[PDB]
J.: 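Quick one: structure below, then a few questions.
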Amino acid sequence: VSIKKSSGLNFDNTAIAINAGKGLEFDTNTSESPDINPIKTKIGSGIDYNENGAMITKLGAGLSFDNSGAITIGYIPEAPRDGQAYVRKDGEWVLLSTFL
Amino acid sequence: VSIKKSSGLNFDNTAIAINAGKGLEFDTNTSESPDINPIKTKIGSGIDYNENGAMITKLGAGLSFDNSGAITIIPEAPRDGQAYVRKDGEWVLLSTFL
Amino acid sequence: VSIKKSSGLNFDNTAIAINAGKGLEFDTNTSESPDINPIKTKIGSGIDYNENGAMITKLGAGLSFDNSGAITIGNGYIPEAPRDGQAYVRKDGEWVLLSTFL
């Protein structure tokens with residue numbers, strides 16, 4: 001058999017093998033391993049698989065996906081300046097004299 | 001024909017095939033599909049392709065690439081053992097109001 | 001010999017070749033290239049390889065990996081007082097009950 005070795009194939013003791021380079025590996029953890037190992041991507045920090053085996057970015061605190069699957073990002077306000085003093089109650093600035 | 005099955009190839013009946021696992025798939029969306037499908041990476045949220053067919057991180061609102069291809073982006077009351085309230089953008093001792 | 005052409009293989013002048021599409025390429029920069037090229041992923045902005053060839057996200061200013069490999073936001077003003085129906089005043093960086101002081 002002729003193989004095109006410039007297109008990712010090579011011989012390993014006369015058997016055609018995928019010659020897997022950067023970002024790829026053979027999955028030695030399937031039910032059929034180590035005799036039958038599928039090729040898979042090789043991934044590290046910040047990448048995962050979803051349920052379909054698709055690569056996704058691994059998002060932590062502060063980050064989310066928008067509506068197109070793009071990565072996106074995602075202290076109390078000032079009381080009124082009317083000369084009057086304010087205290088804090090149930091998430092609101094409430095006039096001091098309310099309690100005096 | 002001899003294939004090395006522990007290196008990503010398998011027989012699909014009599015025919016030699018790539019055995020694609022996680023992060024990989026066959027592209028059924030070409031002109032030539034379904035009879036000739038290239039192997040491609042399998043991608044989801046957070047990843048996209050370039051025009052050059054390269055995988056890139058898919059960035060939305062608030063994130064961008066820096067110039068070397070990496071992803072990038074009331075004051076406290078006085079501390080003096082006394083109680084304080086908010087008035088005109090200042091922190092003003094409570095006592096002052098009693 | 002027969003190949004499953006719907007499974008990522010094709011003929012190039014009789015020779016069996018991987019038919020590489022989006023996110024893959026052959027590496028022409030090896031010690032046996034260009035007559036022998038491995039298949040590799042094809043990566044651009046936001047991605048790199050680690051030392052062992054695994055793809056990682058490339059992080060710049062203000063972003064960091066946490067200890068579980070996830071991308072996160074890297075790293076005074078007052079917080080909310082208690083939401084318990086009571087009034088509060090600020091003393092020594094703590095919300096203390098206005099009650100105390102009357």
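The basis for the numbers below is simple: all heavy atoms, side chains too, and nothing from hydrogens, waters or symmetry mates. Protein chains get the first letters and strands the later ones, always in sequence-line order, with residue 1 at the start of each.
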J.: What is the distance from atom CD1 of C/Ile71 to atom CD1 of B/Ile71, rounded to the nearest 0.5 Å?
T.: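 Answer for the CD1-CD1 pair, C/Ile71 versus B/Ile71, is 4.5 Å.
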J.: Given side chain to side chain contact (heavy atoms under 4.5 Å, CB included), test B/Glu76 with C/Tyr77 step by step and report yes or no.
T.: CA-CA 5 Å; B/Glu76 190 38 76; C/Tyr77 298 91; over 6 Å; no
J.: For C/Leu63 and B/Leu63: C-alpha separation, side-chain torsions, deciding distance, then whether side chain to side chain contact (heavy atoms under 4.5 Å, CB included) applies.
T.: CA-CA 10 Å; C/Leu63 297 176; B/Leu63 276 338; 4.0 Å; yes
J.: For the CG atom of B/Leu9 and the CD1 atom of C/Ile3, what is their distance to the nearest 0.5 Å?
T.: 11.0 Å
J.: What's the spacing between B/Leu24 CG and C/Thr41 OG1 if we round to 0.5 Å?
T.: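 Taking CG in B/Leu24 and OG1 in C/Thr41, the distance rounds to 9.5 Å.
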J.: Using 0.5 Å steps for rounding, measure from the CD1 atom of A/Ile47 to the CD1 atom of B/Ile47.
T.: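 It comes to 5.5 Å.
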J.: Going from OG on A/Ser97 to CG on A/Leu95, what distance comes out if it is rounded to the nearest 0.5 angstrom?
T.: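 These two atoms lie 5.5 Å from each other.
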J.: For C/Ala70, does its backbone N or O pair with a side-chain atom of C/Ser68 as donor and acceptor, under 3.5 Å?
T.: no
J.: May I ask you to decide if C/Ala61's main-chain N or O and B/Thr72's side chain share a donor-acceptor pair within less than 3.5 Å?
T.: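 Side chain of B/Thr72 to backbone of C/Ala61, a donor-acceptor pair under 3.5 Å: yes, one is there.
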J.: Ignoring hydrogens, what is the shortest heavy-atom contact between B/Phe26 and B/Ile18? Give both atom names and the distance.
T.: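 Reported closest heavy-atom pair: CZ-O, 3.3 Å.
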J.: Under a 4.5 Å side-chain heavy-atom rule over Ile, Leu, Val, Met, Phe, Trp and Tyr, are C/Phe65 and B/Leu59 clustered together?
T.: yes
J.: Looking at B/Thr30 and B/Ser33, would you say the former's side chain and the latter's main chain have a donor-acceptor pair under 3.5 Å?
T.: yes
J.: Mind jotting down which residue pairs meet the side chain to side chain donor-acceptor pair (under 3.5 Å) criterion with at least one end in residues 5-27 of chain A? Sequence neighbours excluded, please.
T.: A/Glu25-A/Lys40
J.: Between the side chain of A/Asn50 and the main-chain N/O of A/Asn52, is any donor-acceptor distance below 3.5 Å?
T.: yes
J.: On a heavy-atom basis, which atom in B/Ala20 and which in A/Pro38 lie closest, and how many Å separate them?
T.: C-CB, 4.2 Å
J.: Would A/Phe99 and A/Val94 count as a side chain to side chain contact (heavy atoms under 4.5 Å, CB included) if you check the C-alpha gap in whole Å, the side-chain angles of each, and the deciding distance to 0.1 Å?
T.: CA-CA 9 Å; A/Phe99 313 97; A/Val94 193; 3.4 Å; yes
J.: Hey, mind stepping through A/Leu96 and A/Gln84 against side chain to side chain contact (heavy atoms under 4.5 Å, CB included) and telling me if it holds?
T.: CA-CA 8 Å; A/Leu96 175 53; A/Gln84 330 193 73; over 6 Å; no
J.: Quick one: are A/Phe11 and A/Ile16 in side-chain contact, heavy atoms under 4.5 Å?
T.: yes
J.: Could you tell me the separation between the CD1 atom of B/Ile74 and the OH atom of A/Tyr75, rounded to the nearest 0.5 Å?
T.: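 OH of A/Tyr75 is found 13.0 Å from CD1 of B/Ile74.
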J.: Can you see which heavy atom on B/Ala15 is nearest to which on C/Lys4, and at what distance?
T.: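 So the minimum-distance heavy-atom pair works out to CB-N, 3.8 Å.
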J.: Same hydrophobic cluster for C/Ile73 and C/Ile56, using side-chain heavy-atom links shorter than 4.5 Å among ILVMFWY?
T.: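 C/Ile73 and C/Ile56: separate clusters.
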J.: Any side chain to side chain donor-acceptor pair (under 3.5 Å) pairs touching residues 83-93 of chain B, not counting sequence neighbours?
T.: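 Output for this query lists A/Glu78-B/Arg86, B/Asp80-B/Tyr84.
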